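The C-terminal residue of the sequence shown carries number 152 in PDB author numbering, and the numbering is unbroken.
Every residue, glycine too, gets a C-beta built ideally from N, C-alpha and C.
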Amino acid sequence: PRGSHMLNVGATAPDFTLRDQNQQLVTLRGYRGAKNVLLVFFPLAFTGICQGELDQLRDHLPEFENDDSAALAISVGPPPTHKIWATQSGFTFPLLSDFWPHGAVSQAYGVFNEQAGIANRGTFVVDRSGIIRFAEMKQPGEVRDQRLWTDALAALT
């Protein structure tokens, strides 16, 4: 529980179990020993810079979801909201609901905007040991770079 003091590289990634857009439970620990995990926090479905960011993820998804890697997008929306958006947008990767308690996982990663009640645009790569290996927060206005995500992942083996 850290508001917006982003966790740093070398920290243990906080565990979570959240519902995806099809109401399945996704748990970060379940990847430990098996894949590196890209976590893409985003503020609000249907609006903002994050439509373009998630569209880049989509447009390069086989590079992020494979035998070595998984990608999970996280926001405060509940599953029905993420289902509709994912269907319209062509998103087939998990969108997870940090919905109730509201923003709890975003807060644990230090990427929550307490004033607005939404996640900031933070991104992490978690290795097979559960350790944060890459961390960023983008300041209002600048869009994240999906090429940098793939490069971070490629370095992890």
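Below 8 Å on the Cβ atoms is my guess for residue i versus residue j; work out the distance and round it to an integer in Å.
i	j	result
residue 18	residue 81	Their Cβ separation, rounded to whole angstroms, is 13 Å, which puts residue 18 and residue 81 out of contact at 8 Å.
residue 129	residue 35	No, residue 129 and residue 35 are not in contact; Cβ-Cβ is about 12 Å, not under 8 Å.
residue 37	residue 116	6 Å
Assuming contact is defined by CB atoms lying nearer than 8 Å, are residue i and residue j in contact in what I supplied?
i	j	result
residue 39	residue 141	no
residue 138	residue 47	yes
residue 64	residue 30	yes
residue 104	residue 86	no
In whole angstroms, what is the alpha-carbon distance linking residue i and residue j?
i	j	result
residue 88	residue 50	11 Å
residue 114	residue 107	4 Å
residue 55	residue 147	15 Å
residue 26	residue 126	12 Å
residue 111	residue -2	11 Å
residue 66	residue 0	23 Å
residue 143	residue 132	13 Å
Take residue i as the anchor and find which of the options has the nearest alpha-carbon.
i	options	result
residue 21	124, 1, 116 and 93	93
residue 71	57, 13, 126 and 64	13
residue 150	-4, 1, 32 and -3	32
residue 10	147, 102, 78 and 131	102
residue 2	26, 24, 58 and 100	100
residue 43	144, 143, 152 and 136	136
residue -4	98, 134 and 143	98
residue 90	45, 62 and 123	45
residue 23	123, 96 and 117	123
residue 145	41, 28, 8 and 59	59
residue 179	77, 78, 79 and 73	Residue 179 lies beyond the stretch modelled for the chain, which goes from -4 to 152, so this question has no answer here.
residue 28	76, 77 and 62	62
State the DSSP-derived secondary structure class of residue i, mapped to helix, strand or coil.
i	result
residue 124	coil
residue 137	coil
residue 76	helix
residue 111	coil
residue 152	coil
residue 64	strand
residue 130	strand
residue 70	strand
residue -1	coil
Using a Cβ cut-off of 8 Å (strictly closer), state whether residue i contacts chain D.
i	result
residue 62	Absent from the structure is chain D; it holds one protein chain and no more.
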